[PDB]
Structures are given as C-alpha cells and as structure tokens.
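Have a look at the structure below, then the notes.
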Amino acid sequence: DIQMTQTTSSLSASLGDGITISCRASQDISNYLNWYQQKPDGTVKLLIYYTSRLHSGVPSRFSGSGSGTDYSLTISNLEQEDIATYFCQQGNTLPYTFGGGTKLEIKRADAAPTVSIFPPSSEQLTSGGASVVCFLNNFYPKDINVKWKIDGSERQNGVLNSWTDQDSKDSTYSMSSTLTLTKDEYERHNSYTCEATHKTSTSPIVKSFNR
Amino acid sequence: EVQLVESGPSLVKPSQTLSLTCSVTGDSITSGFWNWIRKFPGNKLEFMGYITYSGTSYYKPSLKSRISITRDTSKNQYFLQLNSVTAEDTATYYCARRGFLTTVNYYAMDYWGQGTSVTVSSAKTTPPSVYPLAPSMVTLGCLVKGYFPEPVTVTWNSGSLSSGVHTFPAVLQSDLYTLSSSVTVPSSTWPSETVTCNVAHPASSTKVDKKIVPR
C-alpha cells in the first residue's frame with residue numbers, strides 16, 4: 001500500500017495569512033493526489049483533484065501543486081470558514097490511501113471567558129452522586145488552567161475537563177470542568193470554587209457557591 | 001443532486017457481522033463507482049472497497065476475507081457487510097460517490113455521506129442519566145452522564161434554540177461516557193419561558209427531555 005505522510009498534524013494562523021499543507025507519498029503517484037476538507041461537524045468535501053484542479057464550487061483561494069512524491073495544498077488568505085482538518089489521498093494505486101490530516105486553527109483576538117457554576121442537581125443528589133459543573137465559555141486562546149477548591153483548598157481529583165473544537169463562527173473555545181464526588185463527600189463541605197487562569201487577566205477567574 | 005445516507009446499528013458485538021446501508025437519492029447507482037470508507041479514532045481514514053456501475057466489487061486486500069459489498073439497483077441502495085468484527089472495527093463509516101464526470105478519471109471521492117458511528121463491544125448499553133443545570137444573559141446546562149456507547153444527540157427546546165449552545169465532547173471514564181451542554185439565552189426569556197434539553201441515545205432506544213426549572 002502507498003503510505004501518505006502529512007508530517008504536520010496541526011497549524012495555527014491568522015485571518016488573511018497564506019498557509020501551506022503538505023503531503024509526501026512513499027512512491028511516485030504521478031500527480032494523482034486529491035485534497036479533502038472535513039469541517040468540525042464532520043462533513044467531508046473534495047477541494048482539489050489531480051494535484052492542482054479545483055473542484056466545482058471551491059473558491060479560488062485554494063490551490064495545489066506537486067510532482068513525484070511531494071504535494072502541497074495552499075490557501076491564499078485564510079478565512080473564518082476554513083477551520084477544518086485537511087487530508088490528502090492518493091489515487092495512483094488501489095487501495096486508495098490517505099494522509100493523517102492537518103487540523104487548521106485560526107487566530108483571533110484574545111477573549112476572556114464567561115464563567116458559570118452549577119451545584120449538583122436535586123435529582124443527581126437523590127441517586128447518591130454530586131457533580132459540580134463550571135462552564136468557561138467563548139474564550140481565546142485555548143490554553144486555560146482550571147482548579148477546584150473545596151472549603152478553600154485545592155482538589156485535584158474527581159475533575160473531568162472537556163474543550164469544544166474551535167467555533168467556526170467566532171474562533172473561540174469553550175470548556176466544561178466537572179468535579180464529581182459522592183453525596184456523602186459533597187455534604188461534608190460548604191464552599192465550592194472553580195478558579196481558572198487565562199492569559200486575558202492577571203487575576204484568576206473565580207466563581208463559587210456555598211452548599 | 002446526489003445525497004448519500006449511511007445507516008445501520010450503532011453497537012455490534014465482537015464475532016458478529018456488521019451490516020450497513022447507503023441509501024442514494026438524486027442519482028442512480030447504475031452509473032459511476034460507489035465506495036465505502038471508514039475513519040478510525042485518531043483521524044485514520046481507510047478505503048474499504050467499492051461496487052461499480054455494473055455490480056463488480058473491489059475490496060481492500062486486508063479486508064477481503066471478511067468483507068462484501070452488494071447492491072439493490074431497484075432501491076438505489078448499496079450495502080456493506082463486514083463479518084467477524086472486533087474492537088479494531090470501531091469507526092465512523094462513510095459512503096462516497098466517484099461519479100462526477102470531471103473527476104471520475106482522477107480517482108476522487110466527489111461526494112460523501114455524513115457518516116455513521118459503529119462501536120464494536122461486548123458491553124451492554126447504558127443509557128445516559130440526564131441532569132438539569134440551573135443557576136442580561138443567563139447560561140443553563142444539561143449533564144449527560146454515564147452512557148455507553150457513543151453517540152448521543154443533544155438539542156435544546158427540540159432544536160428551536162440553536163444559537164448560544166455549546167455541547168462538549170464526550171469523555172470515556174470508568175467504561176462510560178459523559179458530556180455536558182450549555183445554552184445561553186436572554187434573562188428576559190428564562191424562566192418566563194421554558195428551556196428543555198433533549199437527549200437521544202439511539203443505541204439504548206432512549207430519548208428524554210429535562211426541563212430546566214429555577215431552584
């Protein structure tokens with residue numbers, strides 16, 4: 001089988017920048033190299049075929065070049081809707097094979113999170129569990145450090161954190177942090193605080209309730 | 001204008017047969033090439049095979065002992081059968097056309113379906129426990145906890161609230177998935193008007209609504 005290598009698995013660039021994504025085959029594939037875009041919702045579209053030909057309907061900001069083993073896809077000016085993962089595919093020899101993909105993320109101005117906290121629901125507490133949830137929504141850049149404190153001291157475990165993919169409309173991220181305890185453990189303490197540090201402020205983001 | 005839909009079970013046990021269907025509308029399978037492609041976790045795409053306009057099939061050699069692709073021209077459907085599955089067959093499964101005139105001779109997949117998830121596991125289904133998260137703009141949430149397998153679908157007010165929504169990716173912990181979803185609305189809309197999260201888990205045949213009530 002033909003091995004296709006996309007050495008760079010992710011790229012971050014500003015709106016307007018030019019970017020290049022590159023693919024190397026294990027053999028001469030005689031220009032039978034196609035490029036696909038998969039948006040974060042999962043829809044896969046053909047962008048370029050036979051190295052450099054644009055598929056019907058694809059904007060002229062996309063181009064491609066290459067020969068032998070080495071191929072490139074280029075976007076002349078990045079736009080907001082280009083947030084996606086891009087894959088190459090050789091069509092020289094069956095079975096068709098694909099590169100590993102390159103995920104493209106788009107810079108935007110730094111943005112402070114909007115923070116919300118939620119105590120355990122009465123329904124969950126009836127069952128014996130107690131999940132406390134903090135949302136940190138619509139922020140940039142993606143790196144954010146979240147810590148939980150219980151009656152003022154850091155609680156490292158029982159915490160599960162999940163980020164959204166970059167939002168294709170505004171380029172922000174959002175994340176959830178859930179602290180899960182038993183009801184019995186939850187009832188031993190009063191103050192629950194989620195504290196996040198992010199480049200948009202020198203103070204932590206602090207959101208707390210008392211049980 | 002072509003549309004492609006993958007369908008079939010979301011959870012199958014090891015040793016059993018996976019059986020999927022691609023239903024093609026807006027075009028006819030008696031012209032062009034009709035392909036099956038899957039994507040493993042970690043974005044690894046694999047070309048499994050195809051069936052031609054005259055009904056001849058090609059299979060990736062590593063799948064040839066287990067795979068078959070057949071069709072029903074009268075219903076414009078084609079099928080994937082994969083025998084003797086293991087956890088390595090857990091993937092999203094796509095169907096795709098190679099028919100467009102301009103591209104067919106360059107071996108491009110010119111139109112793809114949305115894909116359908118299949119998990120291969122001996123574990124029973126576990127439905128999600130769905131919990132309401134109540135407190136100018138107010139943020140509300142639903143905690144969708146402890147289900148298996150993926151996927152679930154979360155909506156707000158049956159789809160009518162689509163802006164201001166974040167649905168966080170599911171994470172596997174202690175053999176079960178959990179996710180959460182938030183929705184932000186104007187303060188003058190809640191609680192005066194109701195906000196409900198809807199959670200479907202088709203693998204366990206479950207679909208539930210949880211109204212967010214002020215505490």
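FYI, nothing fancy with the structure tokens labels: chains A, B, ... in order, residues from 1 per chain, ligands from 1 as they appear.
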12 Å contact set for residue B:153, only C-alpha atoms, chain neighbours under 5 positions out, as a PyMOL selection string: chain B and resi 128+144+158-159+167-170+179-181+197-203+206-209
May I have the residues of chain B within 7 Å of chain A, counting only C-alpha atoms, written as a PyMOL selection string? chain B and resi 43-47+60+106-112+114+131-135+139+168-169
Coordinates-based distance that separates atom CA of residue A:149 from atom CA of residue A:186 (Å, one decimal):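 Result for atom CA of residue A:186 versus atom CA of residue A:149: 12.4 Å, one decimal.
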As a PyMOL selection string, list the residues of stretch 26-200 of chain B assigned to strand (DSSP E or B) by DSSP on the backbone atoms of this structure. chain B and resi 33-40+44-51+57-59+67-72+77-82+91-98+111-112+116-120+126+129-133+137-148+153-156+161+165-167+171-173+176-186+196-200
Could you pull the residues within 8 Å of residue B:12, counting only C-alpha atoms, minus those fewer than 3 positions along the same chain, as JSON, numbers by chain? {"B": [9, 16, 17, 18, 118, 119, 120, 121, 122]}
Atom-to-atom span, atom CA of residue B:182 and atom CA of residue A:13, Å: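 Going from atom CA of residue B:182 over to atom CA of residue A:13, I get 28.2 Å.
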One number please: atom CA of residue A:108 to atom CA of residue A:15, in Å, one decimal. 7.7 Å
Tell me which of B:130, B:87, B:95, B:82 sits closest to residue B:51, counting only C-alpha atoms. B:95
Check stretch 20-107 of chain B with DSSP on the backbone and list each residue it calls helix (DSSP H, G or I), as a ChimeraX atom specification. /B:61-63,73-75,87-89,101-104
Could you turn the residues from that selection into a file that holds N, CA, C and O atoms, as a PDB file, in the first residue's frame?
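That gives us again.pdb:
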```
ATOM      1  N   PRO B  61      -7.419  -5.532   0.045  1.00  0.00           N
ATOM      2  CA  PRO B  61      -6.986  -6.927   0.294  1.00  0.00           C
ATOM      3  C   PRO B  61      -7.007  -7.379   1.767  1.00  0.00           C
ATOM      4  O   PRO B  61      -7.360  -8.510   2.048  1.00  0.00           O
ATOM      5  N   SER B  62      -6.654  -6.507   2.695  1.00  0.00           N
ATOM      6  CA  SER B  62      -6.653  -6.879   4.102  1.00  0.00           C
ATOM      7  C   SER B  62      -8.041  -7.151   4.675  1.00  0.00           C
ATOM      8  O   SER B  62      -8.121  -7.744   5.729  1.00  0.00           O
ATOM      9  N   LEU B  63      -9.103  -6.685   3.995  1.00  0.00           N
ATOM     10  CA  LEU B  63     -10.490  -6.935   4.377  1.00  0.00           C
ATOM     11  C   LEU B  63     -11.163  -8.062   3.554  1.00  0.00           C
ATOM     12  O   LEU B  63     -12.256  -8.489   3.931  1.00  0.00           O
ATOM     13  N   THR B  73     -30.352  -2.324  -7.075  1.00  0.00           N
ATOM     14  CA  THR B  73     -30.410  -1.246  -8.012  1.00  0.00           C
ATOM     15  C   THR B  73     -31.808  -0.685  -8.034  1.00  0.00           C
ATOM     16  O   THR B  73     -32.003   0.507  -8.225  1.00  0.00           O
ATOM     17  N   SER B  74     -32.787  -1.556  -7.868  1.00  0.00           N
ATOM     18  CA  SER B  74     -34.162  -1.111  -7.833  1.00  0.00           C
ATOM     19  C   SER B  74     -34.473  -0.182  -6.641  1.00  0.00           C
ATOM     20  O   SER B  74     -35.395   0.600  -6.719  1.00  0.00           O
ATOM     21  N   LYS B  75     -33.682  -0.205  -5.571  1.00  0.00           N
ATOM     22  CA  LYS B  75     -33.917   0.697  -4.473  1.00  0.00           C
ATOM     23  C   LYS B  75     -32.804   1.770  -4.326  1.00  0.00           C
ATOM     24  O   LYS B  75     -32.833   2.562  -3.393  1.00  0.00           O
ATOM     25  N   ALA B  87     -13.027  -5.110  18.134  1.00  0.00           N
ATOM     26  CA  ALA B  87     -12.908  -3.679  18.531  1.00  0.00           C
ATOM     27  C   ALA B  87     -12.132  -2.849  17.576  1.00  0.00           C
ATOM     28  O   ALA B  87     -12.369  -1.643  17.453  1.00  0.00           O
ATOM     29  N   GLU B  88     -11.213  -3.449  16.841  1.00  0.00           N
ATOM     30  CA  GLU B  88     -10.499  -2.726  15.738  1.00  0.00           C
ATOM     31  C   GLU B  88     -11.380  -2.225  14.611  1.00  0.00           C
ATOM     32  O   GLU B  88     -10.914  -1.467  13.769  1.00  0.00           O
ATOM     33  N   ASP B  89     -12.646  -2.676  14.561  1.00  0.00           N
ATOM     34  CA  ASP B  89     -13.582  -2.249  13.535  1.00  0.00           C
ATOM     35  C   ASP B  89     -14.462  -1.065  14.019  1.00  0.00           C
ATOM     36  O   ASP B  89     -15.359  -0.605  13.278  1.00  0.00           O
ATOM     37  N   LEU B 101     -18.312  13.624 -13.686  1.00  0.00           N
ATOM     38  CA  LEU B 101     -17.590  13.370 -14.893  1.00  0.00           C
ATOM     39  C   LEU B 101     -16.178  13.862 -14.942  1.00  0.00           C
ATOM     40  O   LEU B 101     -15.275  13.200 -15.455  1.00  0.00           O
ATOM     41  N   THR B 102     -16.009  15.030 -14.370  1.00  0.00           N
ATOM     42  CA  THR B 102     -14.760  15.778 -14.449  1.00  0.00           C
ATOM     43  C   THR B 102     -13.719  15.159 -13.577  1.00  0.00           C
ATOM     44  O   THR B 102     -12.552  15.358 -13.827  1.00  0.00           O
ATOM     45  N   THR B 103     -14.154  14.498 -12.518  1.00  0.00           N
ATOM     46  CA  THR B 103     -13.244  13.914 -11.586  1.00  0.00           C
ATOM     47  C   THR B 103     -13.083  12.401 -11.554  1.00  0.00           C
ATOM     48  O   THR B 103     -12.090  11.889 -10.927  1.00  0.00           O
ATOM     49  N   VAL B 104     -14.037  11.663 -12.144  1.00  0.00           N
ATOM     50  CA  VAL B 104     -14.086  10.198 -12.024  1.00  0.00           C
ATOM     51  C   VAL B 104     -12.755   9.592 -12.473  1.00  0.00           C
ATOM     52  O   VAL B 104     -12.251   8.658 -11.878  1.00  0.00           O
TER      53      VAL B 104
END
```
Name all residues at most 8 Å from residue B:149 (count only C-alpha atoms; drop same-chain ones fewer than 4 positions away) and give them as an MDAnalysis selection string. chainID B and resid 10:11 119 125:126 176:177 203
Residue nearest residue B:94 - candidates B:70, B:7, B:189, B:77, atoms counted: only C-alpha atoms: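 So, comparing all the options, the nearest one is B:7.
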Contacts of residue A:205 at 8 Å or less, counting only C-alpha atoms, minus same-chain residues fewer than 3 places along, as an MDAnalysis selection string? chainID A and resid 115 194:197
